[PDB]
Amino acid sequence: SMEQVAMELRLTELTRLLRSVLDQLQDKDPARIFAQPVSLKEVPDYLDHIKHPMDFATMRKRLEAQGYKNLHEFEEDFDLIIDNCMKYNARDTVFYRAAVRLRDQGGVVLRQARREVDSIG
């Protein structure tokens, strides 16, 4: 139908906007602490601690499958990255501190993405 096409075009354009959001958020992680999943070879007990692991590569796979239907879902995944890190790692660690900086700096990028998603519909 023409409606299904039009909806597909909306999802395509959301995917384009989220792709730019993801690139901007990941630049706020220059040390690449959140680039890939925590390794279960190197942290074999991770899943006893963290029930819903997340990282930027895993978000990128979901994005390119047009697997985010709205910005809320995308933000949920970003928030997991930060919140998982801040639980698993102690306050006095480079990991925790990197998460706090990512959260603070990403907030700005997400504040405007929310306006761009509401605005462009």
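Parameters at a glance
Residues numbered from 1 in each chain as written, not as in the entry; some residues may be left out. Heavy atoms only, no water. Residues with missing side-chain atoms left out of burial classes, pairs and counts. Helix = DSSP H or I, 4+ residues; strand = E, 2+ residues; numbered from the N terminus. Expected span 1.5 Å × (residues − 1). Bend = angle between axes of the 7 residues up to and from the residue. Salt bridge = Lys/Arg side-chain N within 4 Å of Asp/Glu carboxyl O. Buried < 20%, exposed > 50% of the residue type's maximum accessible area, 1.4 Å probe, protein only. Polar contact = N/O pair within 3.5 Å; in protein donor to acceptor, adjacent residues only side chain to side chain. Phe/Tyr/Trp six-rings, centres within 6.5 Å; stacked < 30°, edge-to-face > 60°.

Once that is clear, we can look at helix α5 (residues 94-120). Residues spaced three or four apart along an α-helix point in a common direction, a consequence of the helix completing one turn every 3.6 residues. In this model α5 runs 38 Å from its N-terminal to its C-terminal C-alpha over 27 residues, within 8% of the 39 Å that 1.5 Å per residue would give. Bending of α5 peaks at approximately 35° at the position of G107. Of the residues trailing α5, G121 is marked for its positive phi of about 75°.

In a structure, side chains of opposite charge can pair up when their charged atoms sit close to one another. Applying the stated criterion to the full structure yields six salt bridges. Close ionic contact of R60 with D23 constitutes a salt bridge, the shortest N to O distance being 3.0 Å. Placement of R60 in helix α3 (residues 56-64) and of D23 in helix α1 (residues 2-27) is noted, with a sequence separation of 37 residues between them. Given the relative accessible area of 35%, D23 is considered partly exposed. One salt bridge in this structure joins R114 and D118, with 3.0 Å as the shortest N-O distance. Here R114 and its partner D118 are both found in helix α5, four residues apart, which amounts to about one turn of the helix. Residue classification places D118 among the exposed positions, given a relative accessible area of 54%. Residues participating in the shared-partner salt-bridge network are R62, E73 and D77.

A rise of 1.5 Å per residue sets the reference length of α1, with its 26 residues, at 38 Å; its end C-alpha atoms lie 38 Å apart and thus fit the reference within 8%. The residue sitting at the N-terminus of α1 and contributing the capping side-chain oxygen is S1; that oxygen lies 2.9 Å from the backbone nitrogen of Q4.

This part covers the packing of aromatic side chains. This structure, assessed with the given rule, holds three aromatic pairs. When the ring of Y46 is compared with that of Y88, the centres are 5.1 Å apart and the planes differ by 70°; the resulting orientation is edge-to-face. Residue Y46 is located in helix α2 (residues 46-49), and its partner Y88 is located in helix α4 (residues 71-88); the two are separated by 42 residues in the primary sequence. Residue classification places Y88 among the partly exposed residues on the basis of a relative accessible area of 33%. On the basis of an interplanar angle of 25° and a centroid distance of 6.5 Å, the ring pair of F56 and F78 is categorised as stacked. You can see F56 sitting in helix α3 and its partner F78 sitting in helix α4, a full 22 residues away along the chain.

Nothing here speaks to function; it is geometry throughout.
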